[PDB]
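Descriptive structure summary
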Amino acid sequence: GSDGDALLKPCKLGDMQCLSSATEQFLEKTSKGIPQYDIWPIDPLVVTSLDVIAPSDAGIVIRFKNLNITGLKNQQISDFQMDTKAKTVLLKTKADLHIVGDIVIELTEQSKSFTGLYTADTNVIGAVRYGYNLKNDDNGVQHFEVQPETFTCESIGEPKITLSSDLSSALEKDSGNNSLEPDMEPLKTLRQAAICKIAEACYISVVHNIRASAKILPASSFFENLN
Ligand SMILES: COC(=O)/C=C(\C)CC/C=C(\C)CC[C@H]1OC1(C)C
């Protein structure tokens, strides 16, 4: 990652150009993850495993493994709302996410299981709501209180699903589509629950990074003035 000449800087409130630029840059640096700042990587982002249930029949269970998600550290903030009167910050991010890893299709109703490769590429637009407060740490420095954020999926643009020739063929042949339909289920979840779930997993990493960082730097570090 050829990005180490910057990580975080003071921005003005209401400036979607400064704030957004900060989240993009900071995320870009932490994208590699560094144990020196208690920051985990998120680009590329590998998932040792990712289970997801399908409401289609409450029996289809898709368990992904070693999922490679790239194209997030360079995301773009779609919207953001900062309220001091309520100390709340709701901002949504959108960017082309590329997932590449394993996928296990365990049918509880059909009493079967499958394993293959899963490759998806599409834009993921999700909204996150988290509170923000200002309190002096145990040293006397006004730190930044990062409340528990909340994931809120919005859209996924054009979900481009791409399963291995063995898996994709095993599904289309198991359902009778012969072309594995996108909205035929469990495929429906492979583009909805899959994308959404993945986004959440990554959101936890990015959030944690900022949390630990706020412990090393004050609030002013993020905004030129928050009081
Ligand atoms: C999802 O993106 C962010 O949280 C980052 C933004 C809006 C730009 C940089 C500013 C912060 C991380 C400060 C937000 C506030 O939650 C604290 C306490 C970190």
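Residues numbered from 1 in each chain as written, not as in the entry; some residues may be left out. Heavy atoms only, no water.

Per the PDB record, this model was obtained through solution NMR.

Take the state of the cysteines next. For the structure shown, the criterion picks out two disulfides. At a sulfur-sulfur separation of 2.1 Å, the disulfide partner of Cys11 is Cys18. On the sign convention where negative is left-handed, the bridge of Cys11 and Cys18, at about -75 degrees about the S-S bond, is left-handed. Bridging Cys153 to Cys196, the disulfide has an S-S length of 2.1 Å. Of the two residues, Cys153 is situated in strand 8 (residues 150–155) and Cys196 in helix 4 (residues 193–216); the sequence distance between them amounts to 43 residues. Since its relative accessible area comes to 21%, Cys196 is described here as partly exposed. The thiol of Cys202 is not disulfide-bonded; the next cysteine sulfur, from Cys153, is found 13 Å away. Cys202 sits in the buried class, given a relative accessible area of 2%. (Disulfide = S-S within 2.5 Å. Helix = DSSP H or I, 4+ residues; strand = E, 2+ residues; numbered from the N terminus. Buried < 20%, exposed > 50% of the residue type's maximum accessible area, 1.4 Å probe, protein only.)

UniProt tags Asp137 and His143 as "binding site: Zn(2+) 4" (unreviewed entry). Of note, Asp137 is situated in the loop between strand 6 (112–136) and strand 7 (142–146). We classify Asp137 as partly exposed; its relative accessible area is 30%. Ignoring any residue separated from it by four or fewer positions in sequence, one finds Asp137 in contact with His143 and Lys215. Residue placement: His143 occurs in strand 7. Residue classification places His143 among the buried positions, given a relative accessible area of 7%. Those residues within four positions of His143 in sequence are excluded, and the remaining contacts are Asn133, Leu134, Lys135, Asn136, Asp137, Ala214, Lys215, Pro218 and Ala219. (UniProt positions renumbered as here; feature names shortened; annotations may be inferred. Contact = heavy atoms within 4.5 Å.)

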